[PDB]
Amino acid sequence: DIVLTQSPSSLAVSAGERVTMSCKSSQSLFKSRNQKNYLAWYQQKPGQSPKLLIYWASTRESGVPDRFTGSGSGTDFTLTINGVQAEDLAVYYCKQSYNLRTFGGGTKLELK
């Protein structure tokens, strides 16, 4: 029963500044086989369907702006938004795919 804790629950910043958020897993999501971290980040704008931003911890999905950067491994992962845009107002979920799938609590980003 894997548990992913995201921190903080919510945060607010101005457009143009840098933010980081944490995704800690109760179990290692690293597979020695292919040497991959089975963690992914999802962006969910208000009232809209979730979108895949990053997979394998650090791999950016096609079309995703470079200002989004995923990092970390094992049990500690981080999502960094370098120069937040208004479009970025959304809830960001980390999700383990190491065994089946499990979503984190999510981190809600506000843009004031």
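When you see a residue number, it is the position in the sequence shown, counting from 1.
Would 31-39 or 66-74 have the larger average of its C-alpha temperature factors, as given in the entry?
-> Higher mean C-alpha B-factor in the PDB entry: 31-39.
In terms of CA temperature factor as recorded, identify the highest of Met21, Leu100, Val91, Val13.
-> When the deposited C-alpha B-factors of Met21, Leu100, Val91, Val13 are compared, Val13 is largest.
In terms of the CA temperature factor given in the entry, to which third of its chain does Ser26 belong: lowest, middle or highest?
-> Highest third of the chain for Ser26's C-alpha B-factor.
Could you tell me which third, lowest, middle or highest, the C-alpha B-factor of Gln48 occupies within its chain?
-> Tercile = highest for this residue's CA B-factor.
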